[PDB]
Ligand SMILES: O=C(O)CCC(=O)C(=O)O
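Presented as structure tokens, the chain that follows is alone, the form deposited without 2-oxoglutaric acid.
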């Protein structure tokens, strides 16, 4: 708390992973983003960081003369690398309940799947990325405005601490409700230069859940020694294409050891949509693709 008269920056609500999902969903609806403390346990986060570390050592640091991949290591093969990720982290019931509240329709099953599973290590000195919305990946989505449905949501987990100085993500709460969704540039955004943000200060295992409609951007890692790690669990709706071809690069040995909802998340199993007709997305001539892969 600050002296009376100080300006108050935007509110980023926070809940323990033990709070009711409806009370966390309620804050997600208000602000577009919410911090879930203890989403991952400190021992699970430590084990995951250690389990992906040898792959992360082999990634070189990309340094360039301009970007968002400037001094940032990126690694997406978490299912292959980390048993704690594939056995425990993706199996968070709180994650899946919130995904259902966002994405799933009645009588249709899982309305969502994985877009990506990226580990990020932001090096000391890495610059701050432009303000943007994640749904800009699906370029038509902004044109539907705040009345549009959700494209994507992110559970952005802290693996090491997120501080203001080591570059914690800067969010714009309530930007999912602005009347018009433009790109954030001088030409297109009238608020440009005048958009107040709030960092997502978190401890390891905390995550923020962020709508694809919310304006955000990574902060500058101003430190001397802090290599800030994050795990982005990016989840899209059933009808959108994933940025990783998990079902073609994850081995069937790991597919056979997954639960049915994890197979669905990675495309080892289909989902049934109802269109006036029950339609399989990602199916096989009227059957679940899981039959053919030997998973039923």
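Residue numbers count along the first chain shown, from 1.
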Legend entry - Unmodelled stretch of the deposited sequence separating residue 276 from residue 277, binned as none, 1 to 3, 4 to 9 or 10 or more: 1 to 3
Inset, instruction - Using only the Cα atoms and their B-factors as the entry lists them, report which of 284-292 and 6-14 averages higher. - result: 6-14
Legend entry - Greater mean Cα temperature factor according to the PDB record, 118-126 or 142-150: 118-126
Legend entry - Options 61, 231, 250, 265 - largest CA temperature factor per the record: 61
Legend entry - Member of 212, 111, 174, 190 with the greatest C-alpha B factor (per the PDB record): 190
Inset, instruction - Among all modelled residues of this chain, ranked by Cα B factor, put residue 55 in the bottom, middle or top third, i.e. lowest, middle or highest. - result: highest
Inset, instruction - Pull the Cα B-factor of residue 70 out of the PDB entry and bin it into the chain's lowest, middle or highest third. - result: highest
Inset, instruction - Check where residue 28 lands among this chain's C-alpha B-factors and tell me if it's the lowest, middle or highest third. - result: middle
Legend entry - Entry-reported Cα temperature factor of residue 105, expressed as the chain third it lands in: highest
Inset, instruction - Could you tell me which third, lowest, middle or highest, the C-alpha B-factor of residue 44 occupies within its chain? - result: highest
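Another form exists, solved in complex with 2-oxoglutaric acid; not displayed. Remarks below refer to it.
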Legend entry - 2-oxoglutaric acid in the entry with it bound reached by all of 129, 134 and 216, non-hydrogen atom within 4.5 Å: yes
Inset, instruction - With 2-oxoglutaric acid left out here, work out from 216-224, 86-94, 188-196, 173-181 which stretch has heavy atoms within 4.5 Å of it in the entry with it bound. - result: 216-224
Inset, instruction - Although 2-oxoglutaric acid is absent from this view, report whether residue 201 comes within 4.5 Å of it in the entry with it bound, heavy atoms only. - result: no
Inset, instruction - Could you confirm whether residue 71 comes within 4.5 Å of 2-oxoglutaric acid in the entry with it bound, counting heavy atoms only? - result: no
Inset, instruction - Find out whether any non-hydrogen atom of residue 102 is located within 4.5 angstroms of 2-oxoglutaric acid in the entry with it bound, and reply yes or no. - result: no
Inset, instruction - Answer with yes or no whether residue 80 is in contact with 2-oxoglutaric acid in the entry with it bound, where contact means some heavy atom within 4.5 Å. - result: no
